[PDB]
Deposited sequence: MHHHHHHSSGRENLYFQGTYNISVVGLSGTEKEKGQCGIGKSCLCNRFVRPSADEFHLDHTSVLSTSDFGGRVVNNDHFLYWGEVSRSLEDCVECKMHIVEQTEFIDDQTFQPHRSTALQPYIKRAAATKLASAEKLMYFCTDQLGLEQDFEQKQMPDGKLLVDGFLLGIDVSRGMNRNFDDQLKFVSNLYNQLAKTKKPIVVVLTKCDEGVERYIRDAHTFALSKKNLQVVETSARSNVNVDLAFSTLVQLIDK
C-alpha cells in the first residue's frame, strides 16, 4: 500500500536488448548473468552461460512456462524477473512468433501472470526440473514495481542504444521507476560508457549503476538503488 514507508516486497523486471542469436550477435547483453549473480552470488551457483535458444519442450516446461521471461527467484523481499526472448532450436525464430508482441512492448509489461511458474537455475534444469529445487513464482503473478534497463558497454553499440532508447520510452509510459545498469564493465569501453551516460542525462533523474556480473561489482547496488527509488 502506497501510504507505507517500505512496501517490503519489490518485484523487479530486468530488461534490455533481446531477440534472436543474430540480433544479439550470438552474445546477449548480460541480463541473465546479472540476475544470477544477484540471486545466487556464490561461485558454485553462478553460470556464465545461459542460452536463450530452446527446444519446444524446454519452452513448454514449468520453468519457462510458455513465457519470454524467467523468474530468477527471491532475495531476502525482492522477486526478480528477466524479460528476454527465446528462440526455437531448429527454426531459429522466436517461440510463438506470430502470437508475440514485439519485445519492447512485452518487456514493459507490469502485470506478469504465469501460474505455477518455477524458479530458473540454468538451461540444464529445463525438462529435468525434478533434478532441481522447485520454488514457484509467488501467487502465479507479479505486479512489477520497477525496471533495471541493461546496456552492454563491453568491447553494434549504436544500434543497441537506439533500441534502449525505444525500450526506455515504453518503460517511461508505465511511470514505474527505472535505473540504467551498465553491464560487463570489466570489459567496458569508455566511449560506450560515456554514450550511455549521455543518454541517461537526457532524461529526468535517470540513475546509472556500472556493473560486472563476471567480476561481481555493483550487482547488489544496482538492485538496491532501484528499491530505494521504488519507495520514494
**Message:** Comparing the deposited sequence against the modelled residues, what ranges come up empty for C-alpha?
**Reply:** 1 to 10, 87 to 95, 175 to 178
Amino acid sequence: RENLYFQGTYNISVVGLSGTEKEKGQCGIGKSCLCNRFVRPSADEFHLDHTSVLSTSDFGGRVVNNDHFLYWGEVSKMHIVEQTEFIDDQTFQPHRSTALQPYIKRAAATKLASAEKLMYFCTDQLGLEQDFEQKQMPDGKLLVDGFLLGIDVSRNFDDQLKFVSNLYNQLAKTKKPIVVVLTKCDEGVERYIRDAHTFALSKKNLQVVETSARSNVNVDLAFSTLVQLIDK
From here on, numbers count along this sequence of modelled residues.
**Request:** Higher average CA B factor in the deposited record is what I'm after, so tell me if that's 165 to 173 or 196 to 204.
**Result:** 196 to 204
**Message:** Quick check: 56 to 64 versus 41 to 49, which has the larger average CA B-factor in the record?
**Reply:** 41 to 49
**Prompt:** Between 160, 98, 154, 84, where does the Cα B-factor run highest in the record?
**Reply:** 98
**Prompt:** Out of 132, 147, 71, 103, which residue has the highest Cα temperature factor in the PDB record?
**Reply:** 132
**Request:** Sort the modelled residues of this chain by their C-alpha B factor and say whether residue 211 lands in the lowest, middle or highest third.
**Result:** lowest
**Message:** Using the temperature factors of the C-alpha atoms in this entry, rank residue 79 within its chain: lowest, middle or highest third.
**Reply:** middle
**Fill in**
residue 13: C-alpha B-factor third of its chain, per the entry, is the lowest
**Complete:** The third of the chain into which the C-alpha temperature factor of residue 111 falls is the middle
**Chain-relative CA temperature factor third for residue 218** = lowest
